[PDB]
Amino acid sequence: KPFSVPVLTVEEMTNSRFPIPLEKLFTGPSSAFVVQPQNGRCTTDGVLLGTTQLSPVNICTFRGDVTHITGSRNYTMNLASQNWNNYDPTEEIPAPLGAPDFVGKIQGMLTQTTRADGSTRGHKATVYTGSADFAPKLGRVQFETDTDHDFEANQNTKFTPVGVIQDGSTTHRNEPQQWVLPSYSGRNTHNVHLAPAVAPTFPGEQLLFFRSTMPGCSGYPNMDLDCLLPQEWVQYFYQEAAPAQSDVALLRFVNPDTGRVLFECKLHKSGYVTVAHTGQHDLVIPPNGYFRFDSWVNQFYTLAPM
């Protein structure tokens, strides 16, 4: 079977940067910021990039055991691998795969099973991926919990992400910052083996973003989350692994209700999408609409305005 994209509606698909479903399509200018997400990065021939991995549910999860920090409700987690094996920090990846690729305060729950009797406990925890001690690359991250005693040492402990939070004493929606990369090895360290930043070069083109709204758990957070590729596309390319004939796969978005092509876009072989539009726009689509790969084209093909 030749190269293609799956027949999945936007709503039927999942965000590749957080374990939540896609809601809509959004385009806007990106010269004011850097677009360098590490999750949801995959070439059209199925080469995973950055911290990208196949499991949607594992995105922004952490695993390991925890050590309580006295005089606080904070626990340091010495990370294990996703399969509960030892973590190796010599792997040529920016951070353990599925690590958050944005600076924010991610709230969820820590859970733990005592091996001997199978007793369990669960508590609310938040991780500040902006914090100097956020060093998943070195196998350590800290969690702000509401307990100073319940978690036992040397037991398997999991973090399941739920949403994000904001400090309401400050300017609203100032956090999280989705386009700011964390320092995976902690403050004053340089990230390594990154998926490259993407920017539109062709005139009149903006990125097409696959947008979700992260749940907010406290305050006034910026809950917009844009991924370059839906998680399903990442899984699909990895499975198909169809080599790219050219730099760009021309895609058409089809409307089943009318039968006509609503808009067309450029799927770049390194794994991102551009459309011909100028300004901030939320795309209004038929909910049963879907993408279809029509042709291999070069980078400087001229898209019809949308």
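The numbering used is simple: start at 1 and walk along the sequence shown.
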{"query": "Stretch with the greater mean C-alpha B-factor as recorded in the entry, comparing 148-156 against 173-181", "finding": "148-156"}
{"query": "184-192 set against 159-167, stretch whose average Cα temperature factor tops the other in the entry", "finding": "184-192"}
{"query": "Which of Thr44, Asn39, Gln280, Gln36 ranks first by CA B-factor in the deposited coordinates", "finding": "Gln280"}
{"query": "Highest recorded Cα temperature factor - choice among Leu48, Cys265, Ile69, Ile59", "finding": "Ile69"}
{"query": "B-factor third for the C-alpha atom of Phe291 within its chain", "finding": "middle"}
{"query": "Third of chain Cα B-factors occupied by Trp233", "finding": "middle"}
{"query": "Record-listed C-alpha B factor of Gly219: chain third", "finding": "middle"}
{"query": "B-factor third for the C-alpha atom of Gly271 within its chain", "finding": "lowest"}
{"query": "Ranked C-alpha temperature factor of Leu303 among modelled chain residues, by third", "finding": "middle"}
